[PDB]
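Protein chains: 2
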Amino acid sequence: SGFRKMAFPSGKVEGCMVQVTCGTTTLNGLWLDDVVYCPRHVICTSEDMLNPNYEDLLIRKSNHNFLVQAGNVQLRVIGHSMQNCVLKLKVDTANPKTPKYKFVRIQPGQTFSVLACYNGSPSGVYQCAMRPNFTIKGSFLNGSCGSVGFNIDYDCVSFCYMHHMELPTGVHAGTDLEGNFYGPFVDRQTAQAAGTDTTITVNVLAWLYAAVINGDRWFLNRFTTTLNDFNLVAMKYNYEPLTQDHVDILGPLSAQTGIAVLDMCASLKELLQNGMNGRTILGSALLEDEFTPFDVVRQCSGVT
Amino acid sequence: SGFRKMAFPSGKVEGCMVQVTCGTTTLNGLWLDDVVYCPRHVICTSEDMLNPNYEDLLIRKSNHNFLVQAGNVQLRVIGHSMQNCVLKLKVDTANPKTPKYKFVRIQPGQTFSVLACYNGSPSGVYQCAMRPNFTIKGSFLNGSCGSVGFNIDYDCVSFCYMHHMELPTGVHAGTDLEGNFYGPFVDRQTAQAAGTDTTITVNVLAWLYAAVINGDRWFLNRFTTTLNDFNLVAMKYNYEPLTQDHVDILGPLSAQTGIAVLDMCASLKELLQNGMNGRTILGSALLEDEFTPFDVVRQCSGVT
Ligand SMILES: O=C(Nc1ccccc1NS(=O)(=O)c1ccc(F)cc1)[C@@H](O)c1cccnc1
Ligand SMILES: O=C(Nc1ccccc1NS(=O)(=O)c1ccc(F)cc1)[C@@H](O)c1cccnc1
Ligand SMILES: [Cl-]
Ligand SMILES: [Cl-]
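Protein sequence lines correspond, in order, to chains A and A'. A prime marks a further copy of an entry chain.
Per the entry's author numbering, the very first residue in the first sequence carries number 1; after that it's consecutive.
Per the entry's author numbering, the very first residue in the second sequence carries number 1; after that it's consecutive.
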């Protein structure tokens, strides 16, 4: 028993973290095979960030201007290119620590682990969710750009996120490993604001299932509801609309607990309408939405 | 910016996780040099756990009865011994992945990362605090015993905890790496209950400092207080008594924010006496105490 915001073991990703320097800008890069992936704003100074024309800026740069360092050893850059908002530095040595990997573009509501890095060195690992507004609520400082988000399927690392920027509002924006930003964000020093941060309803429900599995069932009531009625309540509280796909995905949790999804929805509806009244669920005084139904099942079954 | 319950990168500890089987009991072991450390209840069946005489139980066991497996390779056990509540299995091969390590017995209130494991395979990593009642609020299932807690100082892993048991109340008990349990817990299937779970006041204060650093200062008031007056309030709310040592340890945080410790204490006093009134601090609706002043400083400065 017990329920924690649990990140994947980060060792396979630590083996890929390198330091990339271009001019006076130092950030993190991901070394997989003979390619180092990093944010393209490595070629900019804080002056260039106001309005950067990256194609023109990249042209004033050559292979020898990109300093890649894996630990204390210097990598030889034999090629460079811009794929959307990431630079791909071809090095002459394949990473001996490259794990089985994939680049996947995750959907909003899905979760992933972040290995926060500075100067190509890992400092910490935490669990995150891609918000419905395509931002993440991470912990990133200056020098953290190039820190990656990932998932692990037994021995295959699915790289899903690369850190690029913090918005003036304190939330984080970044790209997938092909350089495409999640959301409408651009890698420019300009006024950019995130949309409404809605709550991932299916995840809150999965976490109510985890709470019940873990002995916390004070919030369970004698009522039920319908998808349309529950969604009328969800809409008002800025919660994501719950679909039949979400009900289906909650099936394994519903089966293990013996609680129908619409019954759990009625409990959620009363928690929204009445609050927690000073009580906690899984040691939390608010409704947690950064655990997918897959995360709950994995944690409550010991998936290694 | 951003503030997360951030665990240490777990790679150095993944390289040490092995599977230990004795009879039909399978748990995790820590392989450092030519020694595998694991909980001694590996020699018990669920029948023995009612009242185990471990010396007598260990005597009916020989080196060949301890099956150690590092990944898919079998380790040869050439010696075995009982140190308090841990078995130390001498193997014929030193772990090539042994990092610089120490065994440290942490103090209540201090934090550490746990690499939860099943069958010698890591499944997740999360941050924890040793509660003032010597329990931990972890996420551990059957098969997780032998999962370790650690801290990292640049390249040295300080192993501080080994998981042994879950109490009937859902919290977790375990030992340091010398086999000594934290608290009054014994490795026996008997009625054991934890004491009062008090709140780590210095950690709540460090987290209020992190909140302020990260732009959240709604809770900051025009009042101050004294150590004795603040402690009168802390006592009633089952908060740990705040000492001058705690004030000193909060010095670096107090200096960076320009907020005196006793001023932060007065804000804490009003948060205890009045509640959060539906507001959040660092996305949390309760006072977080699982971040030491060192954790806040490290996270807010990027210690790798
Ligand atoms: O976004 C950051 N800073 C920042 C905050 C707010 C406005 C502007 C900047 N920096 S900037 O204009 O140079 C820039 C813009 C877009 C981009 F993709 C990278 C850099 C960046 O230094 C950072 C720090 C902390 C955690 N993550 C990222
Ligand atoms: O403590 C556990 N189970 C349990 C729960 C409650 C009462 C008894 C037992 N198990 S027992 O009597 O066999 C035992 C007792 C002491 C001990 F150190 C190891 C095993 C153990 O299987 C476990 C599971 C889940 C997460 N951590 C540990
Ligand atoms: Cl820059
Ligand atoms: Cl057992």
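Just so you know, even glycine gets a beta-carbon here, dropped at the ideal spot from N, CA and C.
With respect to the alpha helix (DSSP H) encompassing residue 293/A', which residues constitute its N-terminal and C-terminal limits? Taking the second sequence and counting its residues from 1, one reaches residue 293/A' at position 293. That run of the alpha helix (DSSP H) goes 293 to 299.
Using DSSP's beta-bridge definition, name the partner residues of residue 26/A'. Translated into positions along the second sequence, residue 26/A' becomes position 26. Residue 26/A' pairs with 21/A'.
List the endpoints of the continuous beta strand (DSSP E) containing residue 122/A. Taking the first residue of the first sequence as 1, we reach residue 122/A at position 122. First-last of the beta strand (DSSP E) with residue 122/A: 121 to 129.
List the residues that DSSP assigns as beta-bridge partners of residue 153/A'. Here residue 153/A' refers to the residue found at position 153 when the second sequence is read from its first residue. Note: residue 153/A' sits in a beta bridge opposite 156/A'.
Apply the 10 Å Cβ neighbour rule to residue 94/A and answer buried if 16 or more other Cβ atoms are within range, or exposed otherwise. By one-based count along the first sequence, residue 94/A stands at place 94. It is exposed - the Cβ of residue 94/A has fewer than 16 other Cβ atoms within 10 Å.
DSSP bridge partner residues for residue 244/A (one or two, in chain order): Position 244 of the first sequence, counting from 1, holds the residue named residue 244/A. Partner(s): none; residue 244/A has no beta bridge.
So, is the C-beta of residue 137/A' closer than 8 Å to a C-beta in chain A? Here residue 137/A' corresponds to residue number 137 of the second sequence, with the count starting at 1. At least one chain A Cβ lies under 8 Å of residue 137/A'.
Classification of residue 7/A by the beta-carbon crowding that lies within 10 angstroms, buried from 16 upward: The residue given as residue 7/A occupies position 7 in the first sequence. The residue in question, residue 7/A, is buried, as its Cβ has 16 or more Cβ neighbours within 10 Å.
For the alpha helix (DSSP H) containing residue 261/A, name the first residue and the last one. For the purposes of this step, residue 261/A is identified with residue 261 of the first sequence, where counting begins at 1. Here the alpha helix (DSSP H) through residue 261/A covers 261 to 274.
Identify, in the order they occur along the chain, each residue of the same chain with its Cβ nearer than 6 Å to the Cβ of residue 105/A, setting aside the five sequence neighbours on each side. Here residue 105/A corresponds to residue number 105 of the first sequence, with the count starting at 1. If we look at residue 105/A and ignore the five residues flanking it on each side, its Cβ neighbours are 176.
Taking the CB atoms as reference points, tell me whether residue 16/A' and residue 32/A' lie closer together than 8 Å. Stepping through the second sequence from its first residue, residue 16/A' is reached at position 16. Stepping through the second sequence from its first residue, residue 32/A' is reached at position 32. Cβ atoms of residue 16/A' and residue 32/A': closer than 8 Å.
Quick check: residue 30/A' and residue 36/A', are their CB atoms within less than 8 Å of each other? Counted from its first residue, the second sequence places residue 30/A' at position 30. Counted from its first residue, the second sequence places residue 36/A' at position 36. Yes, these two residues count as a Cβ contact at 8 Å.
Relative to the C-alpha of residue 81/A', which candidate in 246/A', 91/A' and 72/A' has its C-alpha closest? Start at 1 with the first residue of the second sequence, and residue 81/A' comes out as number 81. Comparing Cα positions, the closest option is 91/A'.
Residue 144/A: CB within 7 Å of a non-hydrogen atom of ligand 3: To locate residue 144/A, count along the first sequence from 1; it is residue 144. No - ligand 3 has no heavy atom lying nearer than 7 Å to the Cβ of residue 144/A.
If the cut is a Cβ gap below 8 Å, which residues of chain A' does residue 172/A touch? Numbered from its first residue, the first sequence carries residue 172/A at position 172. Those are 2, listed as they occur along chain A'.
At the 8 Å Cβ level, is residue 140/A' part of the contact set with chain A, yes or no? As a working note, residue 140/A' is residue 140 in the second sequence. True, the Cβ-Cβ gap to chain A drops below 8 Å.
Does ligand 3 have even one heavy atom less than 7 Å from the beta-carbon of residue 49/A? By one-based count along the first sequence, residue 49/A stands at place 49. Correct: residue 49/A has its Cβ closer than 7 Å to ligand 3.
The segment 220 to 234 of chain A / the segment 134 to 154 of chain A touching (three or more Cβ pairs under 8 Å): The segment 220 to 234 of chain A makes no contact with the segment 134 to 154 of chain A: fewer than 3 CB pairs, one atom from each, lie closer than 8 Å.
Any residues in the segment 203 to 222 of chain A with a beta carbon nearer than 8 Å to a beta carbon of chain A'? Which ones, in chain order? 214 and 215
With DSSP run on the structure shown, which of helix, strand or coil describes residue 148/A? Residue mapping note: residue 148/A aligns to position 148 of the first sequence, counting from 1. Strand, per DSSP.
Between which two residues does the beta strand (DSSP E) containing residue 87/A' stretch? Along the second sequence, read from residue 1 onward, the residue named residue 87/A' stands at position 87. Segment 86 to 91, the beta strand (DSSP E) holding residue 87/A'.
Find the residues of chain A that neighbour residue 119/A', judging by a C-beta separation of less than 8 Å, and give them in chain order. Working through the second sequence from its first residue, we reach residue 119/A' at position 119. Neighbours of residue 119/A' on chain A, chain order: 304.
In or out: residue 222/A buried (at least 16 other Cβ within 10 Å) or exposed? As a working note, residue 222/A is residue 222 in the first sequence. Residue 222/A comes out exposed.
Chain A' within 8 Å of residue 49/A, Cβ atoms only: The residue labelled residue 49/A in the question sits at position 49 within the first sequence. With 8 Å as the cut-off, residue 49/A does not count as an interface residue toward chain A'.
Have a look at the DSSP bridge pairing and note the partners of residue 218/A. Numbered from its first residue, the first sequence carries residue 218/A at position 218. Beta-bridge pairing links residue 218/A to no other residue.
Using 7 Å as the cut-off, classify the Cβ of residue 46/A as near or not near the heavy atoms of ligand 3, replying yes or no. Walking along the first sequence from the start, residue 46/A turns up at place 46. Indeed, a heavy atom of ligand 3 lies less than 7 Å from the Cβ.
If you follow the alpha helix (DSSP H) that residue 209/A is part of, which residue opens it and which one closes it? Taking the first sequence and counting its residues from 1, the one referred to as residue 209/A is at position 209. Counting along the chain, the alpha helix (DSSP H) containing residue 209/A begins and ends at 201 to 213.
Any heavy atom of ligand 3 closer than 7 Å to the Cβ of residue 25/A? The sequence position of residue 25/A within the first sequence is 25, counting from 1. Yes, since a heavy atom of ligand 3 falls inside the 7 Å radius drawn around the Cβ of residue 25/A.
Residue 173/A to residue 192/A span [Cα, whole Å]: For the purposes of this step, residue 173/A is identified with residue 173 of the first sequence, where counting begins at 1. For the purposes of this step, residue 192/A is identified with residue 192 of the first sequence, where counting begins at 1. If I take the Cα positions, the gap works out to 10 Å.
Using 8 Å as the limit for Cβ to Cβ distance, is residue 299/A' near chain A? In the second sequence, the residue the question calls residue 299/A' occupies position 299. Yes, contact with chain A.
Cα-Cα, which of 263/A', 207/A', 265/A' and 284/A' is closest to residue 292/A'? The sequence position of residue 292/A' within the second sequence is 292, counting from 1. Of 263/A', 207/A', 265/A' and 284/A', the residue nearest in Cα terms is 207/A'.
So if I threshold CB-CB distances at 7 Å, which residues from the segment 183 to 204 of chain A count as touching chain A'? none
Which value, in whole angstroms, describes the spacing of the CA atoms of residue 116/A' and residue 265/A? Locating residue 116/A' in the second sequence gives position 116, counting from the first residue. Locating residue 265/A in the first sequence gives position 265, counting from the first residue. Approximately 31 Å between the Cα atoms of the pair.
Limits of the alpha helix (DSSP H) - the one that residue 256/A falls within: Residue numbering aside, residue 256/A sits at position 256 when the first sequence is read from its first letter. Run containing residue 256/A: 251 to 257, per the alpha helix (DSSP H) assignment.
Can you name the residues of chain A whose CB is closer than 7 Å to the CB of residue 115/A'? Here residue 115/A' refers to the residue found at position 115 of the second sequence. 9, listed in chain order.
Got a sec: is the Cβ-Cβ distance from residue 54/A' to anything in chain A below 8 Å? Counting from 1 along the second sequence, the entry for residue 54/A' is found at position 54. Output row for residue 54/A': interface = no.
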